[PDB]
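Q: PDB entry and its sequence, pasted below:
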Amino acid sequence: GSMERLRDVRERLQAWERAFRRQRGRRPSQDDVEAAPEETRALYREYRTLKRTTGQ
């Protein structure tokens with residue numbers, strides 16, 4: 001179905017958390033969070049809130 005969206009999102013999330021926890025090594029800040037666009041913000045905050053809350 002959505003190969004372009006899934007590919008972009010999947011890659012965006014992977015790289016995101018990748019370098020994120022690599023340099024940040026902790027919860028993000030309003031500076032980096034508000035730095036990203038709406039779409040990205042939702043995606044990041046989504047996997048971030050789910051991963052942080054859940055703990056998986």
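A: Everything's here; your move. Residues are numbered from 1 along each chain as shown.
Q: going forward, measure contacts and count neighbours with C-alpha atoms only.
A: Will do.
Q: quick one: contacts for the residue positioned nearest the centre of the chain?
A: Nearest residue to the geometric centre of the chain (C-alpha atoms, centre = their mean): residue 44, 2.7 Å. By C-alpha atoms under 8 Å, 6 or more residues apart in numbering, residue 44 lies in contact with 13, 16.
Q: Let's see that with 7 Å instead.
A: Residues near residue 44 by C-alpha atoms under 7 Å, 6 or more residues apart in numbering: residue 13.
Q: check which helix or strand covers it.
A: helix 38-54 (DSSP states H and E).
Q: phi, psi of residue 27?
A: Residue 27 adopts backbone torsions of phi -50, psi 140, taken as degrees, to the nearest 10.
Q: Find the nearest non-adjacent residue to residue 16, please.
A: Nearest non-adjacent residue to residue 16, counting by C-alpha to C-alpha, 6 or more residues apart in numbering: residue 44, 7.6 Å away.
Q: sorry, back to before: how far does the helix holding residue 44 sit from its chain's centre?
A: Relative to the mean C-alpha coordinate of its chain, helix 38-54 is positioned 6 Å out (C-alpha atoms, centre = their mean, to the nearest Å).
Q: mind checking which helix or strand residue 26 is in?
A: Using DSSP H and E, residue 26 sits in no helix or strand.
Q: So what does it have for phi and psi?
A: Torsion angles, degrees, to the nearest 10, at residue 26: phi 180, psi 170.
Q: Look up how far residue 19 lies from the residue nearest to residue 16.
A: Note on residue 44: its distance to residue 19, by C-alpha to C-alpha, to the nearest Å, is 13 Å.
Q: Same question for residue 31.
A: As judged by C-alpha to C-alpha, residue 31 and residue 19 stand 16 Å apart.
Q: do the same with residue 30
A: In terms of C-alpha to C-alpha, residue 30 sits 17 Å off from residue 19.
Q: which of these two has more neighbours?
A: Counted by other C-alpha atoms under 10 Å, residue 30 and residue 19 do not tie: residue 19 has more neighbours, with 11 against 8.
Q: Return the alpha-carbon coordinates of the strand or helix carrying the more buried one using PDB.
A: Taking DSSP H and E as the definition, one finds residue 19 inside helix 3-19. Listed next in PDB are the C-alpha coordinates belonging to helix 3-19 (Å, rounded to 0.1, in the frame of the first residue of the first chain):
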ATOM      1  CA  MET A   3       5.500   2.200   0.400                       C
ATOM      2  CA  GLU A   4       6.600   5.900   0.200                       C
ATOM      3  CA  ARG A   5       5.000   6.800   3.500                       C
ATOM      4  CA  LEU A   6       6.100   3.700   5.300                       C
ATOM      5  CA  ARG A   7       9.600   4.000   3.900                       C
ATOM      6  CA  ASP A   8       9.900   7.700   4.800                       C
ATOM      7  CA  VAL A   9       8.400   7.200   8.300                       C
ATOM      8  CA  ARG A  10      10.300   3.900   9.000                       C
ATOM      9  CA  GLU A  11      13.600   5.500   8.000                       C
ATOM     10  CA  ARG A  12      12.700   8.800   9.700                       C
ATOM     11  CA  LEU A  13      12.000   7.000  13.000                       C
ATOM     12  CA  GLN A  14      15.000   4.700  12.800                       C
ATOM     13  CA  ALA A  15      17.500   7.500  12.100                       C
ATOM     14  CA  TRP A  16      15.700   9.700  14.600                       C
ATOM     15  CA  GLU A  17      15.900   7.500  17.700                       C
ATOM     16  CA  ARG A  18      19.300   6.400  16.400                       C
ATOM     17  CA  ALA A  19      21.200   9.700  16.600                       C
END
